[PDB]
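Protein chains in written order, with the deposited numbering: chain B, 1 to 52; chain D, 312 to 363.
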């Protein structure tokens with residue numbers, strides 16, 4: 001049906017450009033939110049992390 | 312974001328370093344000679360600071 005074909009095309013396009021998407025999202029986060037990309041180390045231990 | 316958001320870390324570190332150095336300037340004992348109490352027994356008034 002139409003639903004299966006649309007989802008197959010979307011999945012192919014999403015998987016083909018996964019790595020570029022992730023890298024661009026990291027660039028946006030790095031240049032807009034913070035340069036300390038620590039998903040972990042949020043309760044590990046509180047150490048100084050400068051933003052220069 | 313404006314212009315003062317991204318300089319906060321460096322400015323805070325500058326303020327902290329200046330405060331620490333001011334503490335060093337104020338609370339550090341100055342340079343005075345090390346004397347045994349028997350080395351200057353009876354000569355205490357000579358090292359007061361007068362030029363007599």
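Beta carbons are placed, not taken as given, at the ideal position from N, Cα and C, and that holds for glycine.
Subject >> Beta carbon proximity, residue 51 of chain B to chain D, threshold 7 angstroms >> reply: Within the first chain, numbered from 1, the residue matching residue 51 of chain B stands at position 51. Closer than 7 angstroms: yes.
Original post:
Quick one: what's got a C-beta closer than 7 angstroms to residue 36 of chain B's C-beta in the same chain, skipping five residues either side?
Top reply: If you number the first chain from 1, residue 36 of chain B lands on position 36. Same-chain partners within the cutoff: 49.
Subject >> Range of the contiguous alpha helix (DSSP H) that encloses residue 360 of chain D >> reply: Along the second chain, read from residue 1 onward, the residue named residue 360 of chain D stands at position 49. It is not in any alpha helix (DSSP H) - residue 360 of chain D carries neither H nor E in the DSSP assignment.
Original post:
Beta-carbon of residue 362 of chain D versus every beta-carbon of chain A: anything under 7 angstroms?
Top reply: In summary, chain A is missing from the structure at hand, where the protein chains are B and D.
Original post:
Along the chain, where does the alpha helix (DSSP H) that runs through residue 34 of chain B open and close?
Top reply: On the first chain, position 34 is the one that residue 34 of chain B refers to. Run containing residue 34 of chain B: none; DSSP gives neither H nor E here.
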